[PDB]
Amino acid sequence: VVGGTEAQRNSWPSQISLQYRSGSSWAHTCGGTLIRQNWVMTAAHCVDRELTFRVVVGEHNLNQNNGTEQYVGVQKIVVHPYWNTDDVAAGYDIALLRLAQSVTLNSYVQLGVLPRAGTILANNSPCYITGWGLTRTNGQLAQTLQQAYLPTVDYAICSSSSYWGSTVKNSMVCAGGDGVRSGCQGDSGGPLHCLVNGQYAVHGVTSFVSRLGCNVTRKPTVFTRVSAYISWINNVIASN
């Protein structure tokens, strides 16, 4: 997250860190959202490499014991049937991960609340992006969970020529674009939490930013619109 502030330890308890094994250690690569005790929602491009993955729930400082972490292996990966690595601009950047075991819920580990199918937010709706991604374009990962206020930019404005044009689809949410605050590499797969009827719900899975930089004026951060995928999510969990 570029232009973020450090998040309190229990503010966003459905946030997970998706990590892959490198050498002996494990390295953070993407965020995700816990949606069942044994299921995580993330971006399909985070699991395009055939790496050994683990999930960390209750995490706050990547590089330090918080006393609240639970470490679980990824047992099955289900990416969207239509996802195509060579075309993120087509959409379908979503994947569900079955965990090797059920995590224990407590105040640091909670299920994310998903929107109703079909729900579209009005322009400039209040949302926060969270994650441990790069804090500057071409910078480095954050050690502690970051958050940034990233109001929605509706489809009509985001698909206009000065913004993303044809690259953004209606299966996506755009948020930000002020040149200051944005998601950045390592935030992918994570939540866009939006306040709807006094409740934060996860309306976006972080997908992409401009080739030109993370915080680029009129290039909002782009998210997979979770409410476009509610029937697919439920059909996957129901069968696995």
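One rule holds for the numbers: they count along the sequence shown, beginning at 1.
- With 59 to 67 and 30 to 38 compared on mean CA B-factor from the PDB entry, the stretch scoring higher is 59 to 67.
- The stretch with the higher mean CA B factor, choosing between 108 to 116 and 156 to 164, is 156 to 164.
- If you compare the C-alpha temperature factors of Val222, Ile230, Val216, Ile16 in the entry, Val216 comes out highest.
- Across the options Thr144, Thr130, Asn84, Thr137, the residue with the most elevated CA B-factor in the record is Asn84.
- Annotation for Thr206: CA B-factor lies in the lowest third of the chain's modelled residues.
- The entry lists a Cα temperature factor for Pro126 that places it in the middle third of the chain's modelled residues.
- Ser171: CA B factor in the lowest third of modelled residues in this chain (values from the PDB entry).
- When the modelled residues of the chain are ordered by their C-alpha B factor, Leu192 lands in the lowest third.
- Per the deposited record, the Cα B-factor of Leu51 falls in the highest third when ranked against the other modelled residues of its chain.
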